């Protein structure tokens, strides 16, 4: 594209081609995010700490989104539609692919959506970094039963299934198609846009 790509290595957020982006890590210098044209970005990490990087929207909602990804973890990493709510403070992850560790937790059934079935889990995070600072909060999970690296995510269907399982979201903060991980190494290239049939 005409876009002059840049590479981010320090915690930050902003907009790029109308897309909200977020980069966060506790191991600066060991992970980078490259901003591409439109809703595209790449990541690269080597012996990192915690990291999360993605493009999407500064205010989340019941969007139907379509993505395409190259996802290459050597350890614990996820390819995931990732977001936050406030009141209550909740982090949620719709997990499309994973590395050496598949997420698990308190199992609350399944949701079938977008050509596949997802396991539903709730976990808790204690005194951890958040959009509200150091906090204890819920994590809502949908983990696809088979990995994939492209397709359409009907976010509304996950929200509804969680609600039926008694997993209640607050007022939406950001919502990104993220590459997230803990330590080890890897790379990703991810393209996201709103669109596709719900």
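Numbering follows the first chain given and starts at 1.
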For this session: May I ask you to compare 125-133 and 169-177 by their mean CA B factor in the entry and name the higher one?
Result: 125-133
Exercise. With respect to C-alpha B-factor, does residue 22 fall in the lowest, middle or highest third of the chain as deposited?
Worked result: lowest
Seminar exercise, completed: By the entry's values, the third containing the CA B factor of residue 83 is the middle
Problem set entry | Chain thirds of CA B-factor: placement of residue 40 | middle
Seminar exercise, completed: Split the chain's modelled residues into thirds by Cα B-factor; residue 146 lands in the highest
Seminar exercise, completed: Of the three thirds of Cα B-factor ranks in this chain, residue 71 occupies the highest
